**Student:** 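First, the structure itself, so that you have it in front of you.
Hydrogens, waters and symmetry mates are skipped; everything else that's a heavy atom, side chains included, is used. By convention in this document, chain letters (A, B, ...) are assigned in the order of the sequence lines, proteins followed by strands, and residues within each chain are numbered from 1.
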Amino acid sequence: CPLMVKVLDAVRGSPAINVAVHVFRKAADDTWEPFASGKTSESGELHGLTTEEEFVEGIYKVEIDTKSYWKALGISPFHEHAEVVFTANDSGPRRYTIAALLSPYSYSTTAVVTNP
Amino acid sequence: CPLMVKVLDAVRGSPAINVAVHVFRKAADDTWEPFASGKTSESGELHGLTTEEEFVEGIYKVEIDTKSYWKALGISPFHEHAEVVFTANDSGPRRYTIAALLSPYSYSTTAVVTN
Amino acid sequence: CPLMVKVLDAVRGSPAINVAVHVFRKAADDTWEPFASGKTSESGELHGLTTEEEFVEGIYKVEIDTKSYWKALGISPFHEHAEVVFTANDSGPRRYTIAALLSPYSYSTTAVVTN
Amino acid sequence: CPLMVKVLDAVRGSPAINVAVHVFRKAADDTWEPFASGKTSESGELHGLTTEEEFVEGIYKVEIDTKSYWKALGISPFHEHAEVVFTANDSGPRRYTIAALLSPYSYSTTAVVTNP
Ligand SMILES: Cc1cc(/C=C/c2cc(C(=O)O)cc(N(C)C)c2)cc(C)c1O
Ligand SMILES: Cc1cc(/C=C/c2cc(C(=O)O)cc(N(C)C)c2)cc(C)c1O
């Protein structure tokens with residue numbers, strides 16, 4: 001599992017469960033190709049997005065569908081999504097955790113990058 | 001101006017000065033059309049991006065070129081850029097400030113929407 | 001004024017208005033002595049806390065009464081208060097802004113230190 | 001383990017390892033009594049601070065020694081520590097994770113509270 005996403009809710013003090021996440025990879029022609037997608041579990045985690053074979057070097061975009069999350073809770077939020085765009089694996093394979101902490105009008109995101 | 005951008009640096013404890021910021025508006029075919037851009041001032045602010053007449057309801061993306069900012073300071077960054085995507089809604093307050101707080105491997109962003 | 005406090009609300013997307021803020025200075029016996037206090041304005045800011053003559057090097061604590069803020073808005077909060085503890089250093093820049101971004105179960109804080 | 005602390009480094013993109021953490025509990029006389037302490041592991045986590053017997057209702061302060069962390073990395077940071085003050089267990093026992101994300105001039109903190 002070289003790519004994991006973790007999402008927390010700053011209003012509830014809980015994991016953000018059932019959050020849709022879409023990952024894109026920039027293609028040769030500079031468009032964003034779908035790469036993988038999933039949704040967070042009861043613990044706010046999304047495992048199993050990709051494999052070390054498929055997760056090659058590239059520029060990746062992790063789109064966390066925050067609007068749909070808040071709307072399902074009955075809240076009208078500010079942002080459409082939280083986006084995280086980064087070059088991956090450019091000095092060899094790494095493991096990436098992308099974490100996000102959500103509020104209706106704000107979010108924060110961080111990356112934890114480790115070398116297997 | 002109905003749209004202001006403020007950028008801060010969490011490593012140096014300072015405004016993020018001379019950061020490129022690009023604003024896009026989502027077009028009918030779901031593509032992102034350039035809308036406004038500029039660089040942040042000595043106070044980390046970018047004023048004058050648009051006018052009330054131009055800034056209609058729609059989906060907007062603010063892209064902050066964080067990678068170039070960090071590189072100009074000699075610091076190794078994670079992200080290509082920081083992106084903030086939101087809907088402008090006339091039912092809410094009329095002035096939008098998009099604030100971002102930057103670190104090499106993280107960022108925070110908030111909206112301050114006032115009348 | 002060498003010390004300003006700015007408070008924002010991440011739930012409403014607004015300044016955090018009428019929030020009590022208390023500043024303390026660490027005394028020789030390691031106790032916290034009251035130094036300055038006030039409430040944030042309509043812009044979420046608290047100006048005029050101190051003067052250059054009064055604000056000497058030392059360890060300071062800024063306590064933001066977040067629990068009362070959230071309760072006055074009808075929102076259930078986690079923290080008793082948000083605390084920011086730092087050393088004022090004359091070797092660095094001369095104006096300190098302590099900024100805080102509040103959510104019910106989280107907060108962010110940064111320092112903007114400029115000349 | 002009803003109280004866990006997790007600390008991340010926003011400069012390195014890593015767990016914050018070897019961070020000292022001190023927990024205090026407000027006593028009857030309004031002073032801060034030492035309650036427990038420890039340091040984060042290689043994963044940025046601190047487990048084993050307390051037990052469900054000892055972790056009674058009260059007002060707790062979790063002090064994360066950020067200054068000492070940054071100084072050990074050769075960096076002069078702004079804050080002395082990151083402090084998190086909260087009432088715990090007032091509607092019965094809960095499990096609390098206090099997470100912090102550190103930069104030299106900034107930090108963010110959140111709580112994840114779950115009911116066993
Ligand atoms: C963006 C951000 C992430 C975090 C991440 C917290 C966290 C991260 C992990 C992880 O897998 O890296 C796990 C947990 N748990 C287990 C609560 C919590 C915390 C704060 C305060 C933040 O502002
Ligand atoms: C902790 C924190 C502070 C800020 C600060 C925003 C800010 C906004 C204004 C404003 O005029 O809207 C002013 C300032 N100042 C005065 C530093 C700061 C932003 C984010 C995303 C944060 O996580």
Side-chain angles (χ1 to χ4, degrees), chain A residues 10 99-101 103 106-112, chain B residues 6-17 19 40 43-44 64 66 69-70 73 75 77-79 82 99-110 112, chain C residues 3-8 10 16 44 60-62 64 66 79 82-89 92-93 95-103 106-114, chain D residues 6-16 19 44 63-71 73 75-84 98-110:
Chain A
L101 176 61
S103 299
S106 182
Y107 61 90
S108 55
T109 52
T110 198
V112 186
Chain B
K6 173 82 171 185
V7 191
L8 294 177
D9 176 333
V11 171
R12 301 164 31 112
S14 68
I17 303 167
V19 181
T40 61
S43 66
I64 302 171
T66 61
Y69 175 76
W70 294 118
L73 297 180
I75 290 168
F78 176 72
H79 301 94
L101 175 62
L102 309 181
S103 297
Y105 278 65
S106 327
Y107 61 92
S108 175
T109 188
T110 198
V112 191
Chain C
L3 177 67
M4 191 270 266
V5 178
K6 173 82 171 185
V7 191
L8 294 177
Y60 292 85
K61 177 169 60 152
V62 177
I64 302 171
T66 61
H79 301 94
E83 308 249 58
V84 183
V85 185
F86 68 96
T87 296
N89 185 3
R95 308 146 216 177
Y96 298 75
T97 296
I98 301 302
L101 175 62
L102 309 181
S103 297
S106 327
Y107 61 92
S108 175
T109 188
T110 198
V112 191
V113 184
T114 61
Chain D
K6 183 156 186 98
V7 190
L8 296 178
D9 179 323
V11 170
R12 288 179 147 185
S14 69
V19 178
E63 285 197 13
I64 302 171
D65 293 332
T66 60
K67 184 185 189 167
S68 299
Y69 173 76
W70 290 115
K71 288 181 70 183
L73 297 174
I75 300 302
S76 306
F78 185 74
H79 301 92
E80 292 295 303
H81 35 78
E83 294 187 336
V84 179
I98 304 304
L101 176 61
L102 309 184
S103 299
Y105 281 74
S106 182
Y107 61 90
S108 55
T109 52
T110 198

**Student:** Please report the closest heavy-atom contact between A16(B) and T40(B), naming both atoms and the distance.
**Tutor:**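 The answer is O-OG1, 2.7 Å.
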**Student:** Would you please name every residue forming a side chain to side chain contact (heavy atoms under 4.5 Å, CB included) with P104(B), sequence neighbours left out?
**Tutor:**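 Listed in chain order: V11(B), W70(B), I75(B), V11(D).
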**Student:** Work out which heavy atom in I64(C) is nearest to a heavy atom in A100(C); give both atom names and the distance.
**Tutor:**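 The answer is CD1-CB, 3.7 Å.
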**Student:** Does any N or O in the side chain of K67(D) come within less than 3.5 Å of the main-chain N or O of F86(C), such that one atom is a donor and the other an acceptor?
**Tutor:** no
**Student:** Tell me every residue that passes side chain to side chain contact (heavy atoms under 4.5 Å, CB included) with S108(C), counting only those two or more places apart in sequence or in another chain.
**Tutor:**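 For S108(C), the residues satisfying side chain to side chain contact (heavy atoms under 4.5 Å, CB included) (neighbours in sequence not counted) are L101(B), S108(B), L101(C), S108(D).
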**Student:** Would you name the heavy atoms of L8(D) and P15(D) that are closest together and state the gap between them?
**Tutor:** CD2-CA, 3.9 Å
**Student:** What residues form a side chain to side chain donor-acceptor pair (under 3.5 Å) with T110(A), not counting sequence neighbours?
**Tutor:**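 Only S106(B) meet the side chain to side chain donor-acceptor pair (under 3.5 Å) criterion with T110(A).
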**Student:** Using the test side chain to side chain donor-acceptor pair (under 3.5 Å), find all partners of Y60(C) that sit at least two apart in sequence or belong to another chain.
**Tutor:**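 Side chain to side chain donor-acceptor pair (under 3.5 Å) check on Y60(C) returns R25(C).
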**Student:** How would you list, by chain and number, every residue that makes a side chain to side chain donor-acceptor pair (under 3.5 Å) with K61(C), sequence neighbours excluded?
**Tutor:** none
**Student:** Only counting residues at least two apart or in another chain, list the ones meeting salt bridge (charged side-chain N to carboxylate O under 4.0 Å, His left out) with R12(B).
**Tutor:** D9(B)
**Student:** Tell me, please, which residues at least two apart from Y105(D) pass ring-ring contact (aromatic ring centres under 6.0 Å, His included).
**Tutor:**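 With neighbours one apart ignored, the set is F78(D).
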**Student:** Please name all residues satisfying side chain to side chain contact (heavy atoms under 4.5 Å, CB included) with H79(C), sequence neighbours left out, ordered by chain then number.
**Tutor:** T66(C), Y107(C), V84(D)
**Student:** With sequence neighbours left out, what residues match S76(D) under side chain to side chain contact (heavy atoms under 4.5 Å, CB included)?
**Tutor:** none
**Student:** Just how far is it from atom CD of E83(C) to atom CD of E63(D), taken to the nearest 0.5 Å?
**Tutor:**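 One finds 8.0 Å between CD of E83(C) and CD of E63(D).
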**Student:** Over all heavy atoms of both residues, which pair between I17(B) and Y69(B) is shortest? Give the atoms and the distance, please.
**Tutor:**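 Here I17(B) and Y69(B) meet closest at O-CE1, 3.7 Å.
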**Student:** Okay, side chain of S103(A), backbone of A10(A): is any donor-acceptor separation there less than 3.5 Å?
**Tutor:**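 Here the side-chain-to-backbone pair does not exist.
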**Student:** To the nearest 0.5 Å, how far apart are NZ in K6(C) and CD1 in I98(C)?
**Tutor:** 14.0 Å
**Student:** My understanding is that only residues two or more places apart in sequence, or in another chain, count here; which of them pass side chain to side chain donor-acceptor pair (under 3.5 Å) with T114(C)?
**Tutor:**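 Side chain to side chain donor-acceptor pair (under 3.5 Å) check on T114(C) returns nothing, list empty.
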**Student:** For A99(B), does its backbone N or O pair with a side-chain atom of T109(B) as donor and acceptor, under 3.5 Å?
**Tutor:**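 Flag set: sc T109(B) to bb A99(B) pair under 3.5 Å.
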